[PDB]
Every structure is written in C-alpha cells, then in structure tokens.
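**Student:** Have a look at this one.
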Amino acid sequence: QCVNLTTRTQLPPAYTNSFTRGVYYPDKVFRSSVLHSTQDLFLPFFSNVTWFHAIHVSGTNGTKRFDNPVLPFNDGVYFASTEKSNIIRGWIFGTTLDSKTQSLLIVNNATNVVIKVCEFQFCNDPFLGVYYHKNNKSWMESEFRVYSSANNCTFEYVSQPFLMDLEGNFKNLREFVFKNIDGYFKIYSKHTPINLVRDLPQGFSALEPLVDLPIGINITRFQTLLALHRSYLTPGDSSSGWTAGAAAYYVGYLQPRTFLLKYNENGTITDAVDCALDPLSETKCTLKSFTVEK
Amino acid sequence: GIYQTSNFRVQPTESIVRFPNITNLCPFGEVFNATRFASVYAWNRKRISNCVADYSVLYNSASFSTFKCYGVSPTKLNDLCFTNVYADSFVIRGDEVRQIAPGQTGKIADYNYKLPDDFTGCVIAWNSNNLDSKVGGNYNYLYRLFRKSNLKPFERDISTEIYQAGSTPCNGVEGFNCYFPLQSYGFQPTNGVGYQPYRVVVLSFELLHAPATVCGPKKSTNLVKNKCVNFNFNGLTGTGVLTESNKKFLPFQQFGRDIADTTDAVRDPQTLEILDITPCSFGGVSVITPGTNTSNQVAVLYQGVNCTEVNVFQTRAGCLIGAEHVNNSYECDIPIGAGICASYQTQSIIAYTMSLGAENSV
Amino acid sequence: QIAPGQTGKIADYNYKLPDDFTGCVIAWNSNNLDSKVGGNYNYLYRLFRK
Amino acid sequence: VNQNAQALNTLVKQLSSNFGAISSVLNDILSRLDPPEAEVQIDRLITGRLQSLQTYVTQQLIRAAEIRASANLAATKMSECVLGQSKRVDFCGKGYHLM
Amino acid sequence: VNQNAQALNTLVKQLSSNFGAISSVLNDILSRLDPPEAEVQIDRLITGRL
Amino acid sequence: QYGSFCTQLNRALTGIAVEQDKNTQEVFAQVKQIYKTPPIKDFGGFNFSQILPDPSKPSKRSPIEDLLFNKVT
Ligand SMILES: *[C@@H]1O[C@H](CO)[C@@H](O[C@@H]2O[C@H](CO)[C@@H](O)[C@H](O)[C@H]2NC(C)=O)[C@H](O)[C@H]1NC(C)=O
Ligand SMILES: *[C@@H]1O[C@H](CO)[C@@H](O)[C@H](O)[C@H]1NC(C)=O
Ligand SMILES: *[C@@H]1O[C@H](CO)[C@@H](O)[C@H](O)[C@H]1NC(C)=O
Ligand SMILES: *[C@@H]1O[C@H](CO)[C@@H](O)[C@H](O)[C@H]1NC(C)=O
Ligand SMILES: *[C@@H]1O[C@H](CO)[C@@H](O)[C@H](O)[C@H]1NC(C)=O
Ligand SMILES: *[C@@H]1O[C@H](CO)[C@@H](O)[C@H](O)[C@H]1NC(C)=O
C-alpha cells in the first residue's frame with residue numbers, strides 16, 4: 003500500500019531547448035546512403051522542453067521532496083532523463099488513472115520489466131522505496147507503493163530491463179518516444195553516455211524502436227515514477243537522498259512534421275532536417291540536400 | 407544496319423514460398439459462432455493475431471446472405487499474409503445491411519457503425535430469424551437514431567445523454583423535443599424479411615508492412631540462392647534472384663528499400679537471414695544484318711550483358727554472337743558501339759575496331 | 024450469379040459467364056410450371072467440384 | 003549531365019505513384035484481386051505510367067533539339083576557328099582572332 | 138518524306154485501337170448501346186484518340 | 718489496347734540516341750588524316766605541351782583534357 007508524501011507546493015515551471023533531439027526510425031524498412039523525407043509525428047527542432055528534477059531543495063529548511071508532476075499526453079511524448087544512480091523506474095499512462103478507466107504501467111526493477119494494462123487505483127504519490135542489503139548491496143531491492151488495487155488486467159509483458167544499472171559524475175541520458183496510434187503504443191528508445199554536460203546534449207542520436215504494444219487503450223495523460231532512497235519515517239537533514247536531486251528529466255511534445263533523414267551506408271540515421279523550421283531548412287528539403295549552393 | 411528487335415528477359419524457375427512457421431489455428435468458432443452477438447451501438451470487436459487463417463472454410467459455407475470483400479478477392483485470401491485482423495460483430499435488419507459498405511450513408515452508417523471509404527476486408531452477413539427473434543419481442547438490441555454529428559470511421563462512444571432537438575435543452579429530462587437516443591427493435595419470428603435479424607461479422611485486414619501474424623495455410627519450401635525464382639515472402643510476391651547480403655537489418659527492420667519502390671532486400675521469417683533481391687536479367691536484343699538483297703546471315707548483339715547470361719565476342723556494348731572478330735581496322739559500316747563496328751565481307755560477318763583514318767606525318 | 028464478373032456457387036460450379044459476355048439473361052417465375060405439391064426434385068444442383 | 007539524370011530520376015520516382023489505384027505495386031494488385039477489378043486498377047496504373055513516359059520522351063526530344071543546335075554551332079566553330087582564321091567578330095574569341 | 142508518311146500512318150492506325158472500349162468502331166457502339174453506356178465507351182475512345 | 722504508343726516512344730528514343738553519335742561525328746570527324754606532331758617540339762619558342770597528348774600517361778590526353786575529364790562528374 004502506498005504512503006502519502008508532502009505537498010507538491012506547485013513548483014514554477016522551467017524550460018530548456020531541444021538541440022535536434024527526438025529523431026526516431028519512422029519505419030521498419032532498411033535504407034542506406036539515402037536522403038528520405040517522411041511526414042510523421044516528430045519533436046520539432048529547437049523546441050521548448052520542460053525539465054523537472056528528481057529531488058528539489060526549495061525550502062530554506064533543507065526539504066528534499068519528489069518532483070513527479072502530472073503531465074498531459076497529446077499526440078506523443080518525448081521523454082529524456084539524465085541520471086547516474088537509476089532514480090527513474092517507469093511510467094503510467096491513461097486518462098483518469100483511477101478505478102474508472104484502465105491504464106498502462108511500465109516499471110523496470112533490477113531483474114526485468116513489468117508492463118501491465120488495467121484499472122489501477124493510483125494514489126497521488128506512487129514510487130518505489132529502495133534499499134540495499136547489509137552484506138552484498140550488489141543490486142537494489144525495491145518495494146513498490148504505486149497502486150492500492152489492480153483488477154481487470156488484460157495485458158502482461160516482461161522483457162530485458164529498459165534501464166541499465168548505473169552503479170563520480172557518470173551521468174547518462176536516456177531518451178524515449180511514446181506514440182498512441184491505431185491502438186498501438188509505440189515506444190522508441192536510446193541511451194547515451196555523456197561527459198560534463200548537465201543539460202541536453204547538442205548532437206544527433208536516433209531512437210531505435212523499442213516496442214509496439216497493441217494495447218488499444220485511450221491515453222491523454224501520464225506520470226513518472228521514481229525511487230526513494232531516504233526514509234519517510236525519518237527524513238534526514240541532508241545527503242540522505244540522491245544528492246538533492248542532481249539527476250533530472252525533460253519532457254517535450256511531438257508535432258506533425260516532415261523531416262529529411264540522412265541514412266549512411268550502415269543504415270544509421272546520422273542527421274535530419276526539419277523542413278518547417280526556417281527558410282534554410284525549407285530550401286534544403288526542396289533541394290533534398292544538406293548543402294545548398296549560392 | 408542494326409535493329410532493336412526484342413528484349414531478352416531471362417525467366418524464373420521453381421517458385422519458392424517462405425511463409426512463417428506458425429502452426430496455430432484461428433479462432434473462427436469462439437468469435438464467429440459466439441452465443442452472444444452484441445448490438446450495433448456497441449459492436450463486439452476482437453483483435454486476431456499470431457494464428458493461421460483458412461478463409462476457404464468460411465467462404466465455402468453457402469450459409470450466408472452477404473459476403474462482400476473490398477480490396478481483396480475471397481478466393482485469394484488463402485495466399486495472403488496480414489499483420490493483424492479485426493473482427494467486428496453485431497446484429498441488424500436486412501434493409502440496413504446494405505449500409506455495411508465503404509461510402510454508404512444512412513442511420514446505421516453514420517450513427518451506429520461506419521466502415522471507412524478506404525476499407526480493405528470482408529463483410530459477412532446471415533439471417534438469424536431462428537436465434538435472435540422472440541415471440542414477445544427482443545428489445546435488447548439498441549441503435550442510435552439521433553446524434554450531434556455523424557461518425558468517423560471506426561468510432562464507438564457509448565453515451566446515454568438525451569439530445570435536445572428543440573429550441574431549449576431539457577438538461578437530461580425526457581420531455582418535449584428531447585428524445586431518447588437508444589431505439590430498440592421488435593424482433594419477431596413473424597417479422598418481414600426486411601425486419602428480421604441478421605448477424606454480421608466484418609473482418610478488417612491490416613495490410614501494413616509489419617511482420618505478418620495472421621497468414622493463410624501455405625507451405626514454406628526450402629530457400630534457393632543465386633537463381634531466378636518466383637518468391638512469395640509473407641504474402642509479398644515477386645520474381646528475381648536472392649543472394650547473400652551483408653546489410654545490417656536491425657531486429658525491427660523487415661524489408662529493405664534503397665530505391666523506395668521495390669524491395670531490394672528481405673528478411674526470411676523461418677531463418678532470420680536477410681537476402682537481397684536482384685532481378686534476373688534483361689537487356690536489348692539487336693540484329694546486325696547486311697541487306698537481304700545481299701545475304702540472309704545475321705549477328706546478334708545482347709546489349710549490356712556478359713557472355714554468360716546468354717563466334718562469341720564480348721564488346722563493351724554487350725555479347726556478340728555470329729560475327730568473327732578481326733584484328734584489322736576499317737571504316738565503320740554498321741555501328742555496334744564503343745568503337746566496335748560490323749561488316750559483311752568475304753562471306754561472313756566481321757566485327758572490328760573502327761579506323762579513324764590513315765596516319766600522316768607532315 | 025448469372026451476371027458476368029461474379030464469383031459464387033452457380034458462378035463457379037454450374038454456369039460461368041465470361042467477363043467479356045455479350046448477351047441477355049432473362050429470368051421469370053416458374054412455380055406454376057415446375058413446382059409440385061409433393062416436391063419437385065427433378066432439377067439438380069451441383070455443390071462439389073475440384 | 004545533371005538534367006538528364008534528373009529526368010531519369012523523376013521517371014523512376016513516377017513508378018511509386020498509385021495514380022488512384024489501391025497500390026503502386028503491380029504484384030500486390032494481382033495478388034489481392036481477381037481479373038475483373040485487378041484490370042480496373044491496372045488500367046489506372048497504365049494510364050499514369052504511360053503519361054509519365056510520354057512526358058519524359060517529349061522533354062528528351064526538346065532537349066535533344068537544343069543539344070543538336072549546340073553541336074551544329076560547335077562544328078561550325080571547329081571549321082571556322084580551328085581549320086581557319088575567322089573575321090567574324092566575337093565568333094571565336096574576344097579580340098582579333100588569330101587561331 | 139518517310140518521316141511524315143510514317144507519322145501519318147501511325148496516326149491513322151491509332152484509330153483501330155479500342156483504348157479499353159468494347160470496340161474501336163464508333164458506329165458499332167452507337168448501334169449496340171443506349172446513350173448512358175454508349176457515352177462510357179465513347180469517352181474511352183475520345184481519350185485515346187485525343 | 719493502346720496500340721503503337723510504346724513503339725512510337727522507342728522510335729523517338731532511338732532517333733535521339735543516333736543523333737548523339739551524329740553530333741559527335743560532325744563535331745570531331747573533320748579531318749581525313751590522323752596527323753602527328755614532329756618528335757622534336759621546336760616551334761620557334763611556342764610551347765604546346767599543355768594541349769598536345771601526354772604520351773607518358775594511359776589513354777593519351779593533354780593535361781588540359783585530363784583536367785577537363787576530371788572536373789566533370
Ligand atoms: C613547355 O612547357 C612545359 C610546362 O607547361 C615545360 O615543362 C616543364 O619542364 C621543366 C623542366 O624544363 C620542369 O621543371 C617543369 O616541372 C615542367 N612543367 C610541367 C607543367 O610539366 C616544358 O619544358 C616546356 N618545353 C620547352 C621546350 O621549354
Ligand atoms: C480519451 O479520454 C479523454 C479524457 O478522459 C476523453 O476526453 C476522450 O474522449 C477519450 N477518447 C476515447 C477515444 O476514448
Ligand atoms: C520457425 O520454425 C523453423 C522450423 O523448426 C525454425 O527453423 C525457425 O527457427 C523457427 N523460427 C523462429 C523465429 O524460431
Ligand atoms: C457455427 O456453428 C454452426 C452450427 O453449430 C455450424 O454449422 C458452422 O459450421 C459453425 N461455423 C464454423 C465457421 O464452423
Ligand atoms: C564477364 O565475366 C568474366 C568472368 O570472369 C569477367 O572476367 C569479365 O570481366 C566480365 N565482363 C564484363 C564486361 O563484365
Ligand atoms: C590478333 O593477333 C594476335 C597476335 O598478334 C592474336 O593473339 C589474336 O588472337 C588476334 N585476334 C583475333 C581476333 O584473331
């Protein structure tokens with residue numbers, strides 16, 4: 003059973019820039035050394051993505067509280083997370099998130115994944131209380147406080163963990179794209195080891211398709227689930243949690259755009275052009291080239 | 407002269423088939439013969455996956471009043487492979503069965519169930535006057551007669567809000583100009599044919615470019631390599647040569663397209679080896695001849711092909727058959743190409759490198 | 024099923040009209056002429072064919 | 003070099019158009035339909051592809067006429083500038099033509 | 138001379154093409170069909186000949 | 718059913734292809750004899766080495782012609 007946490011306090015939102023991120027493979031067709039134009043739901047270049055910390059210290063007292071605010075899900079979501087201690091565990095998707103309508107759960111423990119679709123009666127504060135054992139502490143034991151009850155589940159999926167194990171600044175970025183089209187919840191994913199970059203890295207990395215669940219359910223909202231290191235019985239003065247939440251996660255929204263993807267001989271999407279971004283990109287898309295003569 | 411007469415088009419052998427190894431059986435009795443047939447306002451929809459479909463049994467039953475396939479022919483359903491199937495079942499009377507078709511209008515068409523104008527699939531319908539009828543009347547089937555707007559294709563939103571047809575809403579109270587949206591129908595064994603119940607099952611085929619889960623009863627023959635074959639991979643038919651490929655298809659990539667309109671590579675489902683598809687061969691066929699007023703002998707140029715696919719002389723223009731190559735150089739008589747010309751001289755057809763003229767040092 | 028471009032029981036097993044059919048199909052009720060009180064099983068109908 | 007390549011590329015790309023048919027792939031049409039409706043789809047494909055080929059050939063004829071004019075000019079310049087000394091102003095070069 | 142003669146001969150011989158119609162002869166289509174279907178055939182002939 | 722359209726298209730393309738070789742012959746085949754320069758290139762101080770064939774090179778071309786063939790893709 004879940005435990006109620008302190009008030010959200012209605013944190014003021016913050017924004018950052020998406021430096022050519024969120025490109026994924028739009029099909030399951032192999033292409034090499036080509037420039038292919040696809041119209042699909044992509045994250046527009048240089049968009050304003052909202053970022054939330056894992057733990058935020060806003061009060062002068064030293065309060066360490068979770069930042070897991072509720073966000074809507076319209077036409078797909080780009081979800082990045084920079085972490086180095088695996089404080090992120092999964093997501094929930096749905097519209098009402100209660101005993102009325104069914105909802106989707108993805109969680110990744112230290113062993114494998116759990117993906118379910120049913121009417122979880124989610125409470126306001128779902129997470130996983132984590133601890134190590136006193137002898138080995140090689141892997142991390144978790145007690146999930148996500149939902150009170152779950153009934154009428156018609157799905158179940160278990161596979162290799164979506165998130166690797168991250169156990170001084172070995173922070174890594176994890177990118178995901180979620181689309182609900184034709185009853186298909188398509189998740190695309192990618193991982194990048196990063197050096198000395200706190201914010202989103204400027205660069206290119208396409209998201210390989212991770213899974214396509216034929217759930218056939220209705221999604222308009224979602225949440226994010228984290229791991230609690232400190233104790234809700236005795237909140238420590240400082241450093242009990244994960245360093246006052248250095249790790250963070252960013253959210254952006256997909257839009258119907260036409261992109262020009264460049265496939266190399268190895269079949270990897272090395273670069274892309276967002277046609278409707280600016281006149282130079284439009285020229286590149288009409289000429290179907292990445293370089294434009296005078 | 408030289409005349410383009412034909413185009414040689416090397417032919418295929420031993421047509422091969424590479425359907426998946428799936429050996430399940432489709433649920434055509436727990437969905438197609440269910441004891442409960444839902445109403446059209448909430449039609450029973452089942453997703454069909456991973457099973458082997460034999461549409462010959464269903465189509466060959468003679469128990470159906472209606473069997474209409476759109477985008478596909480019922481007889482050819484056995485050879486095809488689909489990524490997924492949808493089965494939507496309901497019950498309607500005869501006069502409205504005509505509205506289960508792409509581009510049809512009417513009460514049920516725009517208020518209860520709407521097939522898309524781009525429909526690919528088969529609608530099956532039969533009379534159930536002996537099952538759904540009641541002597542006193544079976545009012546358990548509900549249709550929608552009024553709505554704020556028509557349906558988009560494949561729309562199912564269950565609502566009981568009484569709609570206001572007058573100048574003032576009644577706010578959920580059944581009163582004047584506020585009718586109840588759900589109309590029931592009085593099924594009777596004595597009802598007219600236009601009003602007797604018919605059970606309808608609509609099969610929608612997902613003809614996407616995805617790994618086919620529902621397939622027909624076909625046998626996967628052994629794979630043949632470096633040969634011109636008629637291939638049928640996952641219902642995708644074609645004709646060409648399959649060869650070793652070093653392409654790296656990531657575990658989600660099935661097909662391959664560097665031309666974007668022809669599958670130049672393919673992942674075999676049985677063995678996940680990926681093979682590239684190069685067409686067998688083709689090229690022009692030219693007949694080099696002197697005037698028939700001189701002789702009837704001819705030479706044949708197979709343009710742009712090596713002398714293995716077909717007095718055999720490999721020129722840069724292709725394979726020459728019936729002309730002897732000579733070391734001498736003359737003026738061009740019949741242009742063959744790439745500096746090679748042909749002539750008829752004593753009496754055989756000769757092929758030679760043309761001479762540009764006599765050498766002259768000033 | 025006596026119309027060209029159709030596939031059906033009669034159209035596949037008993038009478039098959041060509042796609043390029045030129046001609047007239049005429050049909051009229053003949054219960055007063057062929058049907059019997061005790062049952063007229065004098066007209067056969069093909070069900071099975073390879 | 004570019005224009006002709008462009009033309010050829012365009013022609014090949016026109017094979018990806020359905021021209022109102024259910025598909026642009028002939029084999030998919032023949033694998034799904036019986037002759038009556040298969041012919042209806044194939045006629046649309048044939049109309050589109052024949053129009054594309056005719057357009058390509060017309061542009062090729064016009065471009066060949068332009069290239070023939072250029073080649074005739076080149077032959078005239080070969081005769082009058084290389085095989086002789088021309089008095090025609092600016093026909094060979096700028097200035098008084100020597101060779 | 139040969140080019141113009143060949144072009145005219147090709148233009149003449151194109152009149153024997155059905156272009157998908159039931160016949161390449163306009164008079165046969167008019168004599169066999171009523172206006173609603175005759176128009177369908179004549180439209181194909183017109184498209185091809187134009 | 719469309720008649721001779723394909724044959725017409727093939728005939729036009731064949732005519733264009735023949736006209737290309739005709740163009741090349743009209744431009745370049747304007748000499749009966751294959752003339753050659755003397756082995757000693759003493760022309761009173763005039764130096765034609767950059768337009769004369771380079772013999773110490775396969776597919777005999779002048780340096781200018783080699784550059785021209787390298788600058789067209
Ligand atoms: C004609 O000009 C060429 C250059 O275009 C001369 O070739 C040069 O010869 C010298 C040696 O005398 C070399 O060092 C240069 O590298 C050569 N240049 C090139 C570009 O090859 C040639 O010598 C000249 N002929 C005469 C007779 O003077
Ligand atoms: C999905 O849920 C939202 C919010 O509950 C609702 O407004 C919308 O109509 C739903 N759509 C479908 C197709 O169920
Ligand atoms: C399908 O069955 C064949 C025959 O046993 C087998 O060789 C092949 O590996 C199977 N496919 C998969 C994906 O295992
Ligand atoms: C459904 O049931 C009826 C009677 O029980 C049977 O005749 C029919 O064959 C069944 N359908 C199929 C697809 O077998
Ligand atoms: C034809 O094939 C032979 C096989 O050894 C090869 O040596 C030759 O180069 C080929 N010729 C052409 C024109 O491809
Ligand atoms: C040309 O002569 C050489 C010897 O000089 C000989 O090897 C070759 O076979 C000859 N070519 C033909 C086509 O006879």
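Chains as they are written, first to last, in the numbering used here: chain A, 3 to 296; chain B, 407 to 768; chain C, 24 to 73; chain D, 3 to 101; chain E, 138 to 187; chain F, 718 to 790. Note that CB positions come from ideal geometry on N, CA and C, so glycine has one too.
1) Looking at the secondary structure, which residues open and close the beta strand (DSSP E) in which D:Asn4 lies?
2) Nearest by alpha-carbon distance to A:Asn126: which of A:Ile219, A:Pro71, A:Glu177, A:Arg259 is it?
3) Is B:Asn712 near ligand 5, in the sense that its beta carbon is under 6 Å from a heavy atom of that ligand?
4) State yes or no: is the C-beta of B:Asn535 nearer than 6 Å to some heavy atom of ligand 3?
5) Going by beta-carbon coordinates alone, are B:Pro559 and B:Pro522 separated by less than 7 Å?
6) Taking 6 Å as the cut-off, does the CB of A:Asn220 come closer than this to any heavy atom belonging to ligand 2?
7) Do you know offhand how far C:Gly46's Cα is from E:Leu167's?
8) Going by DSSP, what residue range makes up the beta strand (DSSP E) through A:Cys125?
9) Spatial neighbours of B:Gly512 within its chain, please: CB distance less than 7 Å, with the 5 preceding and 5 following residues excluded, ordered by chain position.
10) The beta strand (DSSP E) that contains A:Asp214, what's its start and end?
11) Using a Cβ-Cβ cut-off of 7 Å, state whether B:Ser462 counts as contacting chain D.
12) Between the stretch 758-768 of chain B and the stretch 702-719 of chain B, are three or more C-beta pairs nearer than 8 Å?
13) Between B:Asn430 and ligand 3, is there a pair consisting of the residue's CB and a ligand heavy atom that are separated by less than 6 Å?
14) May I ask you to check if the CB of B:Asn733 is nearer than 6 Å to at least one heavy atom of ligand 6?
15) In chain order, what residues of the stretch 723-741 of chain F put their CB closer than 9 Å to some CB of chain B?
16) Return helix, strand or coil for A:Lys118, following the three-state DSSP convention.
17) Could one say the Cβ of B:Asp664 lies closer than 7 Å to chain A's Cβ atoms, at least one of them?
18) Taking the continuous alpha helix (DSSP H) assigned at E:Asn164, which residues delimit it?
19) What whole-angstrom Cβ distance do F:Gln725 and E:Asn155 have, given they're in contact under 8 Å?
20) Could you pull the DSSP bridge partners for B:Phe661 from this structure?
21) Taking 8 Å as the threshold, find out whether the stretch 543-556 of chain B comes into contact with the stretch 625-641 of chain B through three or more Cβ pairs.
22) For B:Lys482, go through chain D and note every residue whose CB falls closer than 8 Å to its CB, in chain order.
23) Could you tell me whether the stretch 105-123 of chain A touches the stretch 135-151 of chain A, using the rule of 3 or more Cβ pairs below 8 Å?
24) Please list, in chain order, the residues of the stretch 519-535 of chain B that have any C-beta partner in chain A closer than 9 Å.
25) Starting from B:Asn766, find everything on chain F with Cβ-Cβ shorter than 8 Å and list it in chain order.
26) Is it a yes or a no for the stretch 109-118 of chain A touching the stretch 83-93 of chain A, going by three-plus beta-carbon pairs under 8 Å?
27) Beta-carbon separation of B:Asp538 and B:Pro603 under 7 Å?
28) Of all the CB atoms in chain F, is at least one closer than 7 Å to the CB of B:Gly407?
29) Please say whether B:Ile454 and B:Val478 have beta carbons closer to each other than 7 Å?
30) In the DSSP output, what is B:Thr684 paired with across the bridge?
31) Residues in the stretch 666-700 of chain B with C-beta within 9 Å of chain C's C-beta atoms, listed in sequence order?
32) Step through the CB atoms of chain E and report whether any lies within less than 7 Å of the CB of F:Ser721.
33) Do you know how far the Cα of B:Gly743 is from the Cα of B:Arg722?
34) Touch check for the stretch 653-661 of chain B and the stretch 684-695 of chain B: three-plus C-beta pairs under 8 Å?
35) Could you list which residues in chain D have their beta carbon closer than 9 Å to that of residue 853 of chain F, in chain order?
36) Listing by chain order, which chain B residues have their CB less than 7 Å from the CB of D:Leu17?
**Tutor:** If we stick to the structure as given:
1) Premise fails: D:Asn4 lies in the alpha helix (DSSP H), 4-15, not in any beta strand (DSSP E).
2) A:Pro71
3) yes
4) no
5) yes
6) yes
7) 16 Å
8) Note, A:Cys125: premise wrong, no beta strand (DSSP E); not H, not E.
9) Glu502, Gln505
10) 210-215
11) no
12) no
13) no
14) yes
15) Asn727, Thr731, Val735, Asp738
16) strand
17) yes
18) 163-169
19) Contact flag wrong, Cβ pair sits at about 18 Å.
20) A:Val31, B:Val672
21) no
22) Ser33, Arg34, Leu35, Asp36
23) yes
24) none
25) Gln750, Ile751, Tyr752, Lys753
26) yes
27) yes
28) no
29) no
30) B:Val647
31) none
32) yes
33) 7 Å
34) no
35) No information on residue 853 of chain F is available, as it lies outside the stretch 718 to 790 that chain F covers here.
36) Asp667
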